[PDB]
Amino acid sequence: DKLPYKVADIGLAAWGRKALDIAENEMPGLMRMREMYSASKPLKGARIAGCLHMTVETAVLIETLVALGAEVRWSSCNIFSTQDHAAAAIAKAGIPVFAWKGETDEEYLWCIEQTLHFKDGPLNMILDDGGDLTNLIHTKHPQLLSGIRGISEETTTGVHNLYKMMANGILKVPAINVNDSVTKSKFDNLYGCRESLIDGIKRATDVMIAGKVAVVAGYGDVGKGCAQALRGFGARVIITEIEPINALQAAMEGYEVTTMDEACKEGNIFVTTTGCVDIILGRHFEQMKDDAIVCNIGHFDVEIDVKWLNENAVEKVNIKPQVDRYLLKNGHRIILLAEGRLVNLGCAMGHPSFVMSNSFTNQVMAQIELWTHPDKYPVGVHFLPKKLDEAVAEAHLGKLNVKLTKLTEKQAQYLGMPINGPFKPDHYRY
């Protein structure tokens, strides 16, 4: 009746597995959570449904969750983010995976629907990225809200919607803001994008960054990381923002801050990092230099008005998967990446292992908090314990040969902190 799993080519298992193994060596935190909670199986009895890009980095997550006693059913939260060799490794491993690269919007839904019912019954835990899973249930299958003990949100856009649902009393189950974890936002969002953005642009366009003008919308952690990447390759980065502080920041870094209306005329590479709609409109496409490269790294695909291009370009020619060159009426051409979808995951392989390890460690910690200490998490949206947070960072120091210092009784006194204990207040922003 139901399918055991759904993937592109399970014959990609062997290669995926090699990829997973190589990656495991790069994710200290994840492997540390394994070496510590494999026997106790803290996630015993858990039936987790997760909506996250099925990548090699995600397979190591899923496997770590299964190692901790959980039962998992997975789906990608992106139609192009899946890494078919990593997905055929999780299926063969015997885990039910319904994901492949290039699913029609319609299949994207069916895949999530498969992960809603397990052997022993429906899900009782949600691991989300983007918000699609926690919303599909809240609005389509509300009868399951009662059997779900918690929610784990990976990205900014997802967490923004949680705070919203709660604001309008729509959130019926507890959730942990995993994104806002210092070791998540300041490392995954910032450093991950600094490396994985260009990987997406390059692999798809093979364009030269040096000498070009790059326009980045939004100066959040993702923006700061994308800007520093481009700018560090010889590109001239212009930044657009709606926030005074963030903007004063881009300015105090040498970046020129102005409106997209004025910038669209100068840039060659446009990257949207803001988490809101209508960042790049037809009114802009009409001013862009020939063959401008437009991509978006925010979570969803409405920052760039693709429909406009689709309904206003003389012709569209697909160069290769997730790379289209449009011919406007003024003759210029617009190279669109991943149909306005996430560029790093759509055209590249996403963030590198080491950084994803920080995020996924917070993700496993969260599931264990929600599924084992329900009391501390009443309906609403909470942060992961500062202690747990500082634990992720600490668990990655050894791989990098980092040598922390130690206070002396005398020092620990001076400050008033614990020579071996915490000293950082929660006002600390890092």
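One rule holds for the numbers: they count along the sequence shown, beginning at 1.
Higher average CA B factor: 103-111, of the stretches 225-233 and 103-111. Higher mean CA temperature factor between 254-262 and 142-150: 142-150, per the PDB entry. The entry assigns its greatest Cα B factor, within the set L61, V392, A49, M33, to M33. Of the candidates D301, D206, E286, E195, the one whose C-alpha carries the top B factor in the deposited record is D301. Ranked against the other modelled residues of its chain, the C-alpha B-factor of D120 as given in the entry falls in the highest third.
Per the deposited record, the Cα B-factor of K44 falls in the highest third when ranked against the other modelled residues of its chain. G275 sits in the highest third of its chain by CA B factor, as recorded in the PDB entry. Sorting the modelled residues of the chain by their CA temperature factor places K18 in the lowest third. Among the modelled residues of the chain, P352 sits in the lowest third by CA temperature factor in this PDB entry.
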